[PDB]
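Labels run A, B, C, D, E and F following the written order; every chain starts at residue 1.
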Amino acid sequence: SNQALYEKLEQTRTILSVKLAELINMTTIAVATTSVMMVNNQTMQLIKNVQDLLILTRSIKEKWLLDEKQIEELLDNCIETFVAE
Amino acid sequence: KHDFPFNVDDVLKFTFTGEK
Amino acid sequence: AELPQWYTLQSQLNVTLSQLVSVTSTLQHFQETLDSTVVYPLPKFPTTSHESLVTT
Amino acid sequence: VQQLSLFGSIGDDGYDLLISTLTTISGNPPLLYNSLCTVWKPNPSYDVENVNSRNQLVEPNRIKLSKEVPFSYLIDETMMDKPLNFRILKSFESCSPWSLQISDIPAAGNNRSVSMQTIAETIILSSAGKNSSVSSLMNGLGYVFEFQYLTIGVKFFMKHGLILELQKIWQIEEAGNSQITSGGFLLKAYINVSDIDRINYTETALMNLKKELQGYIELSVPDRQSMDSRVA
Amino acid sequence: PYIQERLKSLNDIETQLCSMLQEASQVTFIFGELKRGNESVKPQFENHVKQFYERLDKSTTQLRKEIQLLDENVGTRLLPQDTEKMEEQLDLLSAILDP
Amino acid sequence: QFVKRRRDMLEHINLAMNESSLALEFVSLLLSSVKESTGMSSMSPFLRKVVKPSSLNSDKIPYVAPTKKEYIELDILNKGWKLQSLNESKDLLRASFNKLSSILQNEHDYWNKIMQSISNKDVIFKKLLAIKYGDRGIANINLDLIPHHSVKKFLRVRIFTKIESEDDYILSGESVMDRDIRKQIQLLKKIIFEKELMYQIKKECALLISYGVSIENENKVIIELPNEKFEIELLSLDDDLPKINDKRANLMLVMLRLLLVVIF
């Protein structure tokens, strides 16, 4: 089940970094408004990627989570003192 | 900068017949 | 009353953004052709009854 | 007696892992035990027609007598001063009350889930007289000593009469003791049933054990020819 | 303990993610400063982005190594009573008979 | 608080639906000029009876786009909108930095609180973390253990004595009562343990009924003797020294728990 964390986590890292570079290369170049919302959606996707990393590390943490003489004498004095014979 | 023992049938056959 | 799952919401939002970008791309690709023609209704048009609609 | 068993085999390295696994599953520590089994085969010097008085064919079968013996006769000099637990296996006038048993060939049926076997058993309490030895008794019945094997291992007590025997088996001879399970431990999972509903329920217990242990140790069904003690 | 120290290391990785967020607000904010028409905030920009990808790379090495520890801990130190009550009653009884 | 936000959703998405529908109708009606009726299929029943096929104007005018592209009046707007994009991105990223910072703080405190509840001596089980005492409670967040706050069911035994009146009895003895995570573990284990022993006593008086040991209250049984009298009660700390039999009651209770351990 760790290979799914390898491929999934690594994919989230590549999408985060590469999508960040695509972001900065799209912030620097109704086309303007479409750039506004494409950049904003890339930013929010980076936020969801960071939150995804936090959830996966949380899943990692959850994976880390998931003699006889003293009795004879003691009971002897206990019974003798109890009954007061 | 960055990169991306034995055989169960033979043992039981010994326990029931004694052949090795 | 209560918002459902977020996967369907974000998916529909991604479809909306895909449609907007898909329309703006072809629109910006054909910006010289649409500016080289005029469109206005023909006599075959019930304008004697409704006039503001044709303006809209 | 109908015994339903499923066998397996492990190595000398995963012994602690299997003991810990079965300890966490059964919730009880293993119990160290041992048993000696002597097999008596028909006397080759004597010849008897394999037929009953009712003109019916008779198949010759071996007779196995098993008993117990304390570990004081098993621990030598280099084994002293050690904890009496499951970690020992990794370092390898009258007569006594014997246990007389005869095992038959398991039932047929392709794609079977369990290994049902019919075994007759009577308890030999004691004896007396001139020839009071168990060997002379078997010679009087018409059987001679063929071979014997001493097995030492651990057993568990779960539910529904299931027994897990993780044991090693040695052959007791005069020239030397050869280890048959050299390299690992023999695993067993049998239930002794004295009805169709109880037999199918026992098969359900064994299938639940194999399903629970699926992935770790595999419990297959042994061959019938490997459990047939008939003389040929 | 083992899971205590490793849990603290995971918390350190989470703080490295927080630092990744600091360097994110720094690359975006100081980047916007670079796009306002200023070039004097360039060295601290490049240093903040280099620290961004460096802290991220350290998070990848320590996190992947941690998952390797998860793979190499299965079976060993990771799972795939009335005695204390009796001794409690014995110590309590001895406390009664001997105040 | 939130219904207003739902109405904001209905308003924004409502306006988006209006502009999208009007845009679709405009595109279809603009299409109807050059149509073979293929684009009239996107119309409404009114637009179909209003517009007609092979209609409107198909005339052509010279190009106006390149003359506007030669001007440099558009780059200004582009730069402005991109700058605003940068600012908004910075703001949202900083807000997310605050939220994730607080979340990491609180959750890290939670982990630092869990470290004292798990190693190999402290036992833990399993979308929350449960724990069995004797039932099974659920552990949540300092930390607290919520069972099924709660009553303190701790039983006690009192020893009575009949004086020269040969009629009733007087109180002569009574057992003393003594009061983070492991503390609640041991306390609740004592609660379930003593309540289980009391359940065994309730299952005991039904067979000791003929020997004088009579059961009266579900949490109070009496024992009749020709000279003395015992009372076993299971109460909390809300109901109810020259006494002498205070030690015999303690020894009697310790013998009760010891006998229960013998049964186990």
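Some observations on this one:
We take it that a residue touches a chain if its C-beta (ideal position, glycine included) is under 8 Å from a C-beta of that chain, and two chains touch if they have at least 3 such contacts.
The chain with its Cα centre farthest from the Cα centre of chain A is D.
Of the two chain pairs examined here, A-E and A-C, the one linked by more C-beta pairs in contact is A-E.
Measuring from the averaged C-alpha position of chain A to that of chain D gives a distance of 50 Å. A separation of 41 Å divides the Cα centre of chain A from that of chain B.
Put simply, the C-alpha centre of chain C and that of chain F have 47 angstrom between them.
The residues of chain D never reach two or more other chains; the list is empty.
In chain E, 3, 7, 14, 17, 21, 24, 31, 35, 53, 93, 97 are the positions where the chain touches two or more neighbouring chains simultaneously.
Under the contact definition stated at the top, the residues of chain F that touch 2 or more other chains are 82, 86, 89, 93, 96, 100, 104, 111, 118, 247, 251, 254, 258. Taken together, the chain E residues at the contact with chain A in this complex read 3, 6-7, 10, 13-14, 17, 20-21, 24, 27, 31, 35, 53, 56, 60, 63-64, 66-67, 70-71, 90, 93-94, 97. Chain C meets chain F in the complex at residues 1, 31-32, 35-42, 44-46, 50. Note for the complex: chain E touches chain F at residues 1, 3-4, 7, 11, 14-15, 17-18, 21-22, 24-25, 28-29, 31-32, 35-36, 82, 85-86, 89, 92-93, 96-97. Interface residues of chain A facing chain F in the complex, by the touch rule stated above, are 27-28, 31-33, 35-36, 39-40, 43-44, 47, 50-51, 54, 58, 61, 65-66, 75, 78, 81-82, 84. Residue ranges of chain B in contact with chain E, taken from their complex: 1-2.
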